[PDB]
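Report on the following structure.
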Amino acid sequence: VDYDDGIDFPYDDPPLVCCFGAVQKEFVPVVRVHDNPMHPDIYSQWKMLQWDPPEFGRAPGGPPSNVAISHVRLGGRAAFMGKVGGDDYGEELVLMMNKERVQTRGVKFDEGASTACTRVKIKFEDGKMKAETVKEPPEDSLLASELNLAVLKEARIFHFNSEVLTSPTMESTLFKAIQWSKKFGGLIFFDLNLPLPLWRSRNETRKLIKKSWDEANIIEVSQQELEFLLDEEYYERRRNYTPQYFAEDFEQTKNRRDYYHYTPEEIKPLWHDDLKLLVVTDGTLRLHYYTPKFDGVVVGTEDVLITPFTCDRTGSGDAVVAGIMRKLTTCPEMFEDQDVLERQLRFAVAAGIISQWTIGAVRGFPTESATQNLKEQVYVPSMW
Amino acid sequence: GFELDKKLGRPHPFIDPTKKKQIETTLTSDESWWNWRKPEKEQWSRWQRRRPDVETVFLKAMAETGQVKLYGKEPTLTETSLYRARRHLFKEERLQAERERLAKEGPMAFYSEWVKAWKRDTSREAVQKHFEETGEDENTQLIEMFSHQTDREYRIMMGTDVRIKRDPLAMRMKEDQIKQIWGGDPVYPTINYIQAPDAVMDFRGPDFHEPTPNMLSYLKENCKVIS
Amino acid sequence: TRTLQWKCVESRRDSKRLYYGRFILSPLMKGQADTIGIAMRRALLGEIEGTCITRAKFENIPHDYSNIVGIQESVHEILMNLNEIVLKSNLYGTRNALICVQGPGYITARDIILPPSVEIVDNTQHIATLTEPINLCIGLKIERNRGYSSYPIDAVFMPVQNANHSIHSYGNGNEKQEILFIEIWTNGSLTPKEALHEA
Amino acid sequence: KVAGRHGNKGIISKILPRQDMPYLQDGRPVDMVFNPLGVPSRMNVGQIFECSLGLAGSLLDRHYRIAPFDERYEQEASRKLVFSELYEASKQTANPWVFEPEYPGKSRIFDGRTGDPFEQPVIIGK
Amino acid sequence: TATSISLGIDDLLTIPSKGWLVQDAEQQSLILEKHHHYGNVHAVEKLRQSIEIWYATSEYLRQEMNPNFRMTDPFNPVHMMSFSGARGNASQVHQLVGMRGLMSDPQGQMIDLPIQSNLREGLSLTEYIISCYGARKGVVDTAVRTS
Amino acid sequence: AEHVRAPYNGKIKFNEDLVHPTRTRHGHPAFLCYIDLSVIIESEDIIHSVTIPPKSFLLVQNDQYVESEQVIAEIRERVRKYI
Amino acid sequence: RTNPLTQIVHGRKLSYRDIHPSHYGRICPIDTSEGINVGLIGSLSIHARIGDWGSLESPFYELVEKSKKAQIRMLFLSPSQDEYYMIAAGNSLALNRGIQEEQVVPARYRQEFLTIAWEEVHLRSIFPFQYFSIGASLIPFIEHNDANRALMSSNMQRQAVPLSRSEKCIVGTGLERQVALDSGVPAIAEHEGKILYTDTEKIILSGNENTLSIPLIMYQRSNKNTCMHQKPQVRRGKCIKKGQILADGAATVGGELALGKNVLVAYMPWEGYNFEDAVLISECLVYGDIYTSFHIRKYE
Amino acid sequence: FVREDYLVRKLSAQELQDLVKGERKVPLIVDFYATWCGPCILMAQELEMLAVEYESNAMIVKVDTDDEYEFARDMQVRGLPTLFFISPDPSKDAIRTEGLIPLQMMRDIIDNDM
Amino acid sequence: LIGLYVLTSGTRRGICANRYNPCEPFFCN
Amino acid sequence: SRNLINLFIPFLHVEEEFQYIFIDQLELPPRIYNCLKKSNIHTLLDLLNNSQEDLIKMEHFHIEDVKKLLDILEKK
């Protein structure tokens, strides 16, 4: 807006990344309707949905603090920008991030608020129960004057989710943070992770995210989010088509799973000038990538049935994003070299796979050497 | 050069580079039967990575200090096999260098490696100068230095015990070198295995079946036994 | 002043019944440190005496595996709590001591009536919990002995929990001198320095 | 008669005073001494993995509950788990004898009778 | 006692070339299995090749085991126990550091799945089940043999 | 049976007109050797010769590249199979 | 009733010599008798179940095509249906330039072993303890043991004496907690509520205006003259769910089977006192009461 | 004769409607969950323990989002797990929490704000 | 048998005794 | 016997006569904070485990920076 902040410094390696939003424990934001529910009380059956998940939950994302923790464990450096209350739960969240060696100088305390607590009022409009927000939680109440500009000056990637778009206060604060980061040369990473309200209608969501979509240099979306934003019914019809008499080629006879790679012309409504990399994730199975110059897909895999009693997919979406951010900062040729980009994205695939082998997102985030080991075990040496 | 290194046993290529030749051209998969053709795509193996071991780690550490020279950046299976046969010779060389270094610097300078809190100059001349200006001989100063050593540092220093004689290279290896002995972190995280030693098993956790009803109470509940 | 010196280089108090000491002795001629080390270790672990409760007499108890109304613990649990009580004494002979208490409350080691030659090491050591205003009288016998052994109490008299020593080269081979370190762990009935002198 | 969980069964033949037992580089005497010639003939290597990991757990205040056939994750999974935990126990407690880079799982121990070290390093564990 | 021979994971030494040999046998099996599916070899030819290639690989590992010890680790504890004649033979040592080879089902025939691993590396679950055929038969024969 | 393995890396050299084509019991093409064939491997340092005795299978081809310890030659109940 | 393990495995025995392929996942290939009944008394596998025709059934994970509801993918297969499914026990952690569905794994089919592509696999065996009995499933690092020693280990664990003081193993397989729960040796709440009173003899638990008194076994003799004894594992004011542990029995600590002790061990010859299977021990195991046990003999 | 294994009741949106409109004396805690959500397994065990602690001094209920998706969205549920703490005093406003909060934090809300 | 084998396994020889190509005490009884 | 006794006489000789408070929660200048992480210092226990002489030896730490840290330290 006006000037700089802090003292210019040689800025130790690896380059810092900043994660913006709400620090929460667990809290899966992406919620849709699944048609295969287990017993409502016997939660010992619910693990069967971890190894036959709904498609929107194949590699779930989470709060931005998950990405920061996962990024640090993968060998990077990260700082979290956000607000917590001055109560005991607020200290626990900060102590969790300090233990994981995430910088918390960008975390502001609000001594008059209770962490993760929203005051709402219950109404009975048209014979139905609804709630409306009376006072937002401290997590969604960071002000622009409370931004740590030293972090925004140092950080090379600014990362945020669409959960901040559900808060009037955070949305205004978000666009001041983006302005500062761009002024200092930072790249903007938009990890969509649509919360429950934003799944209601395509047109309302497209209007709501359009401004933040246009400010982003890197975007990660799931296959379900991308199809919802373009046309959900066209792609479902496309998946359900079966030739009447004979297959068009030998591969169509095998009745394999659909890994459709969207053409850059289908993606065109969502492309803009400043966008450097679009990644569409089909869990860890496929990573479709799109650049101004080229596009392609990285083939991955998953194995949660290798450990049926400890598998938990929560947080695996954050590990994939953290793995992308770890390689983008240290391998800047990823943006311009296709072969280099594919090799580096296989590192992100491996991180997602390991993350699904432990109960709890933070508890199961993998280290760099474990991720590198799994990548070399899974892929043939020519693909490393 | 060569043939003098070979005669003396100094590090040298097993095959003289001057008297080394290519292997011409071999069958190019069009002059070959099907069973001898290379697959078009590389095949996953589970044996595609070299097995980590102690010999690989020690040879690399010795290559960086110059004690040996290898053909390339990473030791071959031939070089690790040869190291296994002669590894005691190289360790003896390192142990001898530590003995000569102690005899040169004196006990104060040598053992101050394991007394971090000691900030006085530990050179032989400083030890002598302290003795003249204060009357405390070298043995008195050494006893004073060891009074500032923690129990953690003392246990590390036990590698210099004259009966233990730990490999000096082993004593100064960093964590990133050591963990390549087994090949780094396990892909399956160890936190899955870890349990508190004083934990009480929660029999209503997700990995437990539903509680077993009392057989009599179950029969009465389903109306097959009357009170 | 002396050419050959010894000193405590570290003395630590981990708890009331866990004492640690480290000692240095230098300079020694080659081979002397090995002779001192093994002889000192064997003396510390096998020749130092201690004193503890050797038996207990209960007033109205059928056997040591019964229960008493008003005591949370059983009779057998009482004996184990008596077995872990650390005492100190310099004198020999079978002494007797007494527990004569009225509940409810916490019976600890500080509630033992000790003869003038015997002392308790840790006051807080737990004996029993009384949940009723009852009368509990227990007679005790105490001995000072070596090694290890009304209801008999399996006494382990040895006060040195562990010992260690290391030998390091003093330096250049003028006379290939050596440095000896000795580490001692005791149960508080005597300090590590006192154990070193007694051995 | 005593036994481990790997078909290693033994009969107690001698009870020694603690000062006669072999002892570690921390000074602690061992509680039992097993014949190492019983392992190659019986081909039960699992007791070697367990004893090393047991020592690491005791020094780290950890217990381990490991489902069988961990090699399905990767080659030498048990070796990686045991060696990494041994190293962590050695680093955290400052007990370098617990993980020897020259011969992981083994350490030089001393004769309680004489104080001399035994010539070759010995596998120790819990 | 004074020397104190022991046995660690590191002492269970596999010969350096096992990885090369196992990978070569895997490649030949993979190519033959493909051409079996194409109809270029028949099922008996595939059966013979699988048994014979892995038996020869296992026998070559056992042959090279002693010279590797004699040349590179003469005082290896596992080698000294068997080579001196004190305890154990090459076959039992081969199970620890070589490969367990091919097992036979109760009705004479062999199982068409070689056990590539050894006890130090750890058998896979399928390999372990196959090895239970040998264990069950081994005690049955010994009970019959003494009777 | 006995298997002849390559003692060095290199290029196999022999006259394929001195041997008889055959199909092995594993379904592979090979040669049958009824003479004392001289097979040459040209390695990185020297050139080395392996004598192939008669009544032996030659599993490699002329000019083939072989690795050390690779099987190159073989010196040499009614069961029912259901598919 | 020697120990909690012997109580639980006795009822799972199967009385009738060779392992058959149809046994996998139903009858343990290791746990058998030693002597002349070998192969004629076996054990049921951990996940086995008796079906609707007196047949043993084992659960497998079904790999279903794209177009099917397939609510529960875990299905129990009787031995007749087993031969005609392609059952794989490998994993899918392998990728080359091709596609994952074309990678090959070892599988069972028609009572033999093949190597097929993943896309031809019908079922997966995914349970870690599927193929073995309880005794074999308590051996950590069992895949590094010869299968003959795993049989002798199952027998020895059935001869283990409960000790006066009990202690959890540092290293276990994770099945120890299941044995503790199913043995009935500990005390488990039949009702939720709060703990009001505990002593040596009883624990008083009250929940939803209902008070329960649960007696505790003290120094009770078992079938084989071993000592059974329960110690409270809860305190006053502690909330309990139905089915949670209240007291620890003999050879059980914190809801886990605890048949032994963790002791410092060295592997070396010592003057012939550990010749063959002989074992040399320290006096500290004697006066420390590490391996002291109670034995109650009844005379009539 | 056999005590039920689970204390927390699952309610429909219509059933939850009448419970909130009707007169209440104890604090009402409403849990939104889904059987496919991994963290809901952990939350389910904490709420069962909270039900044992608060026998009749609180009422714990749960709502499945697979069955009452529209109702959850109108209640401002942004993700799972989500808890609503509704006071028996009709003037006081309800408290919505997000994430796997500790059991002690639930007790403080019920005791001090409910 | 192992004790006798270790006892009578003599000195290391050749390249196992010296790092370099060489281009001991004497006892009266 | 005498030599053994002489070895043990000398022992009888006498002689003539914050973990849970991290740097991030302290409102420190960007230059001070970025330098503290340069030395792998995260918690205030590690900050108080380093001497004033040790704090100077690290790159880009000045004398005025030490005083500002102590001024803030006295305030909590």
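Note on naming: chains are A, B, ... as they come in the structure tokens, residues start from 1 per chain, ligands start from 1 in the order shown.
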Legend entry - Within 12 Å of chain I: residues of chain E, using only C-alpha atoms, as a VMD selection string: chain E and resid 1 to 6 70 to 88
Inset, instruction - At a cut-off of 12 Å, list the chain B residues touching chain A, using only C-alpha atoms, as a PyMOL selection string. - result: chain B and resi 41-52+176+179-180+182-194+203-211
Would you put the residues from that selection into a file with N, CA, C and O atoms, as a CSV table (one decimal), in the first residue's frame?
chain,number,residue,atom,x,y,z
B,41,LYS,N,9.9,-50.8,-22.1
B,41,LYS,CA,9.7,-50.0,-20.8
B,41,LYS,C,10.4,-50.7,-19.7
B,41,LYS,O,10.5,-51.9,-19.6
B,42,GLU,N,11.1,-49.9,-18.8
B,42,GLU,CA,11.7,-50.4,-17.6
B,42,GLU,C,10.7,-51.1,-16.8
B,42,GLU,O,9.5,-50.7,-16.7
B,43,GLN,N,11.1,-52.2,-16.1
B,43,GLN,CA,10.2,-53.0,-15.3
B,43,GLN,C,10.5,-52.8,-13.9
B,43,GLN,O,11.6,-52.8,-13.4
B,44,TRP,N,9.4,-52.6,-13.1
B,44,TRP,CA,9.5,-52.5,-11.6
B,44,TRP,C,10.1,-53.8,-11.1
B,44,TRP,O,9.8,-54.9,-11.5
B,45,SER,N,10.9,-53.7,-10.0
B,45,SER,CA,11.7,-54.9,-9.6
B,45,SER,C,11.6,-55.2,-8.1
B,45,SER,O,11.6,-56.4,-7.8
B,46,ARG,N,11.5,-54.2,-7.2
B,46,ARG,CA,11.6,-54.3,-5.8
B,46,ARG,C,13.1,-54.6,-5.4
B,46,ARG,O,13.5,-54.4,-4.2
B,47,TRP,N,14.0,-54.8,-6.4
B,47,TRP,CA,15.4,-54.9,-6.2
B,47,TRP,C,16.1,-53.7,-6.9
B,47,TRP,O,17.3,-53.8,-7.1
B,48,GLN,N,15.3,-52.7,-7.3
B,48,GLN,CA,15.9,-51.6,-8.2
B,48,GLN,C,16.7,-50.6,-7.4
B,48,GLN,O,17.3,-49.8,-8.0
B,49,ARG,N,16.7,-50.7,-6.1
B,49,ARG,CA,17.6,-49.8,-5.3
B,49,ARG,C,18.7,-50.6,-4.6
B,49,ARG,O,18.5,-51.7,-4.2
B,50,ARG,N,19.8,-50.0,-4.5
B,50,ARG,CA,21.0,-50.6,-3.8
B,50,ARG,C,20.7,-50.7,-2.3
B,50,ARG,O,20.1,-49.8,-1.7
B,51,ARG,N,21.0,-51.9,-1.8
B,51,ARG,CA,20.8,-52.1,-0.3
B,51,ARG,C,21.8,-51.3,0.5
B,51,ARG,O,23.0,-51.3,0.3
B,52,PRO,N,21.2,-50.5,1.5
B,52,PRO,CA,22.1,-49.7,2.3
B,52,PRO,C,22.9,-50.6,3.3
B,52,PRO,O,22.5,-51.7,3.6
B,176,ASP,N,22.7,-37.2,9.5
B,176,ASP,CA,22.3,-37.5,8.1
B,176,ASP,C,23.2,-38.5,7.5
B,176,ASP,O,22.8,-39.3,6.6
B,179,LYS,N,22.1,-42.2,9.3
B,179,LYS,CA,20.8,-42.8,9.0
B,179,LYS,C,20.8,-43.5,7.6
B,179,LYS,O,19.9,-44.2,7.3
B,180,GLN,N,21.8,-43.2,6.8
B,180,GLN,CA,22.0,-43.9,5.5
B,180,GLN,C,22.5,-45.3,5.7
B,180,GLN,O,22.6,-46.0,4.7
B,182,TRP,N,20.9,-47.6,7.4
B,182,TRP,CA,19.7,-48.3,7.1
B,182,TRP,C,18.8,-47.7,6.0
B,182,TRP,O,17.8,-48.3,5.7
B,183,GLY,N,19.2,-46.6,5.4
B,183,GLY,CA,18.5,-46.1,4.3
B,183,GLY,C,17.5,-45.0,4.6
B,183,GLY,O,16.6,-44.8,3.7
B,184,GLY,N,17.6,-44.3,5.7
B,184,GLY,CA,16.7,-43.2,5.9
B,184,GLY,C,15.4,-43.7,6.7
B,184,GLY,O,15.3,-44.8,7.2
B,185,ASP,N,14.4,-42.8,6.7
B,185,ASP,CA,13.2,-43.0,7.5
B,185,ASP,C,12.4,-44.1,6.9
B,185,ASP,O,12.3,-44.2,5.6
B,186,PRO,N,11.7,-44.9,7.7
B,186,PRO,CA,10.8,-45.9,7.2
B,186,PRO,C,9.6,-45.2,6.5
B,186,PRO,O,9.1,-44.2,7.0
B,187,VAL,N,9.1,-45.8,5.4
B,187,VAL,CA,8.0,-45.2,4.7
B,187,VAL,C,6.7,-45.4,5.5
B,187,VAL,O,5.9,-44.5,5.5
B,188,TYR,N,6.6,-46.5,6.2
B,188,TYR,CA,5.5,-46.6,7.2
B,188,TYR,C,5.9,-45.9,8.5
B,188,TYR,O,6.9,-46.4,9.1
B,189,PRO,N,5.2,-44.9,9.0
B,189,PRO,CA,5.7,-44.1,10.1
B,189,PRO,C,5.7,-44.9,11.4
B,189,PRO,O,4.7,-45.6,11.7
B,190,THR,N,6.8,-44.8,12.2
B,190,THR,CA,6.9,-45.5,13.4
B,190,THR,C,5.9,-45.1,14.5
B,190,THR,O,5.6,-45.9,15.4
B,191,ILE,N,5.3,-43.9,14.3
B,191,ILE,CA,4.3,-43.4,15.3
B,191,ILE,C,3.1,-44.3,15.3
B,191,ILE,O,2.4,-44.4,16.3
B,192,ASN,N,2.9,-45.1,14.2
B,192,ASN,CA,1.8,-46.1,14.2
B,192,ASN,C,2.1,-47.2,15.2
B,192,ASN,O,1.1,-47.8,15.8
B,193,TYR,N,3.3,-47.5,15.4
B,193,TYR,CA,3.7,-48.6,16.3
B,193,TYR,C,3.8,-48.2,17.8
B,193,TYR,O,3.6,-49.0,18.7
B,194,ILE,N,4.0,-46.9,18.0
B,194,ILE,CA,4.4,-46.5,19.4
B,194,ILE,C,3.2,-46.4,20.3
B,194,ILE,O,2.1,-45.9,19.9
B,203,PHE,N,-11.1,-50.4,25.5
B,203,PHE,CA,-11.8,-51.5,24.8
B,203,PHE,C,-13.0,-51.0,24.0
B,203,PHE,O,-13.6,-51.8,23.4
B,204,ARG,N,-13.3,-49.7,24.0
B,204,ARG,CA,-14.3,-49.2,23.2
B,204,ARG,C,-13.8,-48.4,22.0
B,204,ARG,O,-14.5,-47.6,21.4
B,205,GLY,N,-12.5,-48.6,21.7
B,205,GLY,CA,-11.9,-48.0,20.5
B,205,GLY,C,-12.3,-48.6,19.2
B,205,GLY,O,-12.9,-49.7,19.2
B,206,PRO,N,-11.9,-47.9,18.1
B,206,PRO,CA,-12.4,-48.3,16.8
B,206,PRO,C,-12.0,-49.7,16.4
B,206,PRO,O,-12.6,-50.3,15.5
B,207,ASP,N,-10.9,-50.2,16.9
B,207,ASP,CA,-10.4,-51.5,16.5
B,207,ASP,C,-10.9,-52.7,17.4
B,207,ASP,O,-10.4,-53.8,17.3
B,208,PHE,N,-11.9,-52.4,18.2
B,208,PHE,CA,-12.5,-53.4,19.1
B,208,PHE,C,-13.9,-53.8,18.7
B,208,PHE,O,-14.7,-52.9,18.2
B,209,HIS,N,-14.3,-55.0,18.8
B,209,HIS,CA,-15.6,-55.5,18.6
B,209,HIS,C,-16.6,-54.9,19.7
B,209,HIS,O,-16.1,-54.4,20.7
B,210,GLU,N,-17.9,-55.0,19.4
B,210,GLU,CA,-18.8,-54.5,20.4
B,210,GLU,C,-18.8,-55.4,21.7
B,210,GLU,O,-18.4,-56.5,21.6
B,211,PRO,N,-19.1,-54.8,22.8
B,211,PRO,CA,-19.0,-55.5,24.1
B,211,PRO,C,-19.8,-56.7,24.1
B,211,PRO,O,-20.9,-56.8,23.7
Legend entry - CA of residue 194 in chain A to CA of residue 166 in chain A, distance in Å rounded to a single decimal: 10.0 Å
Legend entry - Secondary structure check, alpha helix (DSSP H) residues of chain J, as a PyMOL selection string: chain J and resi 2-8+30-37+44-48+52-57+63-74
Legend entry - residue 109 in chain B surroundings by only C-alpha atoms, 8 Å radius, close-in-sequence under 5 positions cut, as number ranges by chain: B: 122-124
Inset, instruction - Go ahead and compute the interatomic distance for CA of residue 3 in chain F and CA of residue 55 in chain E, in Å to one decimal. - result: 11.8 Å
Inset, instruction - Determine, counting only C-alpha atoms, which protein, DNA and RNA residues have an atom within 12 Å of an atom of residue 55 in chain F; residues of the same chain fewer than 5 positions away are not included. Present the result as number ranges by chain. - result: F: 1-2, 19-20, 31-37, 73-76
Using N, CA, C and O atoms, can you write the selected residues to a file as a PDB file, in the first residue's frame?
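That gives us out.pdb:
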ATOM      1  N   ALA F   1      22.886 -81.504 -14.232  1.00  0.00           N
ATOM      2  CA  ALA F   1      23.338 -80.567 -15.252  1.00  0.00           C
ATOM      3  C   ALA F   1      24.237 -79.503 -14.641  1.00  0.00           C
ATOM      4  O   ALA F   1      24.186 -79.251 -13.437  1.00  0.00           O
ATOM      5  N   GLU F   2      25.063 -78.882 -15.477  1.00  0.00           N
ATOM      6  CA  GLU F   2      25.969 -77.830 -15.042  1.00  0.00           C
ATOM      7  C   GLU F   2      25.805 -76.617 -15.944  1.00  0.00           C
ATOM      8  O   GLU F   2      25.680 -76.749 -17.165  1.00  0.00           O
ATOM      9  N   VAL F  19      27.152 -74.897 -35.066  1.00  0.00           N
ATOM     10  CA  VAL F  19      26.226 -75.411 -34.066  1.00  0.00           C
ATOM     11  C   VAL F  19      24.854 -75.590 -34.700  1.00  0.00           C
ATOM     12  O   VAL F  19      24.553 -75.037 -35.759  1.00  0.00           O
ATOM     13  N   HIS F  20      24.015 -76.376 -34.028  1.00  0.00           N
ATOM     14  CA  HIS F  20      22.727 -76.778 -34.568  1.00  0.00           C
ATOM     15  C   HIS F  20      21.587 -76.096 -33.831  1.00  0.00           C
ATOM     16  O   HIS F  20      21.511 -76.180 -32.599  1.00  0.00           O
ATOM     17  N   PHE F  31      21.286 -73.162 -29.376  1.00  0.00           N
ATOM     18  CA  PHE F  31      22.119 -73.973 -30.248  1.00  0.00           C
ATOM     19  C   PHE F  31      22.528 -75.242 -29.519  1.00  0.00           C
ATOM     20  O   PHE F  31      22.748 -75.227 -28.305  1.00  0.00           O
ATOM     21  N   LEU F  32      22.620 -76.336 -30.263  1.00  0.00           N
ATOM     22  CA  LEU F  32      23.151 -77.589 -29.751  1.00  0.00           C
ATOM     23  C   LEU F  32      24.587 -77.741 -30.233  1.00  0.00           C
ATOM     24  O   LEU F  32      24.860 -77.606 -31.430  1.00  0.00           O
ATOM     25  N   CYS F  33      25.497 -78.006 -29.304  1.00  0.00           N
ATOM     26  CA  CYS F  33      26.921 -78.093 -29.598  1.00  0.00           C
ATOM     27  C   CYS F  33      27.359 -79.547 -29.511  1.00  0.00           C
ATOM     28  O   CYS F  33      27.273 -80.161 -28.443  1.00  0.00           O
ATOM     29  N   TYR F  34      27.829 -80.090 -30.631  1.00  0.00           N
ATOM     30  CA  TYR F  34      28.325 -81.458 -30.691  1.00  0.00           C
ATOM     31  C   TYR F  34      29.837 -81.524 -30.859  1.00  0.00           C
ATOM     32  O   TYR F  34      30.371 -82.599 -31.149  1.00  0.00           O
ATOM     33  N   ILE F  35      30.536 -80.404 -30.693  1.00  0.00           N
ATOM     34  CA  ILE F  35      31.978 -80.321 -30.862  1.00  0.00           C
ATOM     35  C   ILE F  35      32.557 -79.507 -29.712  1.00  0.00           C
ATOM     36  O   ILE F  35      31.847 -79.092 -28.794  1.00  0.00           O
ATOM     37  N   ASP F  36      33.870 -79.281 -29.769  1.00  0.00           N
ATOM     38  CA  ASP F  36      34.569 -78.461 -28.779  1.00  0.00           C
ATOM     39  C   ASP F  36      34.643 -77.033 -29.308  1.00  0.00           C
ATOM     40  O   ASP F  36      35.678 -76.556 -29.779  1.00  0.00           O
ATOM     41  N   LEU F  37      33.509 -76.341 -29.226  1.00  0.00           N
ATOM     42  CA  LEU F  37      33.411 -74.991 -29.759  1.00  0.00           C
ATOM     43  C   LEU F  37      34.214 -74.016 -28.908  1.00  0.00           C
ATOM     44  O   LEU F  37      34.266 -74.132 -27.680  1.00  0.00           O
ATOM     45  N   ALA F  73      25.650 -71.096 -21.143  1.00  0.00           N
ATOM     46  CA  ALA F  73      25.575 -72.422 -21.729  1.00  0.00           C
ATOM     47  C   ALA F  73      25.186 -73.416 -20.649  1.00  0.00           C
ATOM     48  O   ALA F  73      25.273 -73.130 -19.452  1.00  0.00           O
ATOM     49  N   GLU F  74      24.740 -74.588 -21.089  1.00  0.00           N
ATOM     50  CA  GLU F  74      24.365 -75.676 -20.198  1.00  0.00           C
ATOM     51  C   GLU F  74      25.032 -76.947 -20.696  1.00  0.00           C
ATOM     52  O   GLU F  74      24.770 -77.387 -21.820  1.00  0.00           O
ATOM     53  N   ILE F  75      25.890 -77.530 -19.867  1.00  0.00           N
ATOM     54  CA  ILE F  75      26.632 -78.733 -20.226  1.00  0.00           C
ATOM     55  C   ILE F  75      25.801 -79.940 -19.817  1.00  0.00           C
ATOM     56  O   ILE F  75      25.481 -80.112 -18.636  1.00  0.00           O
ATOM     57  N   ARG F  76      25.460 -80.780 -20.786  1.00  0.00           N
ATOM     58  CA  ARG F  76      24.588 -81.915 -20.526  1.00  0.00           C
ATOM     59  C   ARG F  76      25.189 -83.206 -21.067  1.00  0.00           C
ATOM     60  O   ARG F  76      26.286 -83.600 -20.673  1.00  0.00           O
TER      61      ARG F  76
END
Inset, instruction - Tell me which protein, DNA and RNA residues are within 12 Å of residue 15 in chain J, counting only C-alpha atoms, leaving out same-chain ones fewer than 2 positions away, and put them as a ChimeraX atom specification. - result: /C:1-2,4-7 /J:10-13,17
Could those residues be written to a file, using N, CA and C atoms, as a tab-separated table (two decimals), in the first residue's frame?
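File produced: again_14.tsv:
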chain	number	residue	atom	x	y	z
C	1	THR	N	49.04	-29.83	45.73
C	1	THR	CA	50.12	-30.23	46.62
C	1	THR	C	50.57	-31.65	46.31
C	2	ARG	N	49.64	-32.59	46.43
C	2	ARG	CA	49.93	-33.98	46.09
C	2	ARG	C	50.04	-34.15	44.59
C	4	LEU	N	49.36	-37.13	42.94
C	4	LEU	CA	48.19	-37.90	42.56
C	4	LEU	C	46.99	-37.37	43.34
C	5	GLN	N	45.98	-36.89	42.63
C	5	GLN	CA	44.83	-36.27	43.24
C	5	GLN	C	43.56	-37.01	42.86
C	6	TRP	N	42.54	-36.86	43.70
C	6	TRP	CA	41.20	-37.31	43.41
C	6	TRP	C	40.23	-36.19	43.76
C	7	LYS	N	39.07	-36.20	43.10
C	7	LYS	CA	38.08	-35.15	43.32
C	7	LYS	C	36.74	-35.61	42.78
J	10	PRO	N	45.12	-43.53	48.47
J	10	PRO	CA	44.84	-42.16	47.99
J	10	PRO	C	43.39	-41.74	48.07
J	11	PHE	N	42.43	-42.66	47.91
J	11	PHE	CA	41.03	-42.30	48.05
J	11	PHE	C	40.70	-41.76	49.43
J	12	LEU	N	41.49	-42.11	50.44
J	12	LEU	CA	41.29	-41.62	51.80
J	12	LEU	C	42.07	-40.34	52.09
J	13	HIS	N	42.74	-39.76	51.10
J	13	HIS	CA	43.51	-38.55	51.31
J	13	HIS	C	42.61	-37.33	51.47
J	17	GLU	N	43.55	-26.98	54.25
J	17	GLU	CA	42.58	-25.91	54.04
J	17	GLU	C	43.22	-24.54	54.21
Legend entry - Check: which chain H residues lie within 9 Å of chain B using only C-alpha atoms, as an MDAnalysis selection string: chainID H and resid 1:3 5 41:42 45
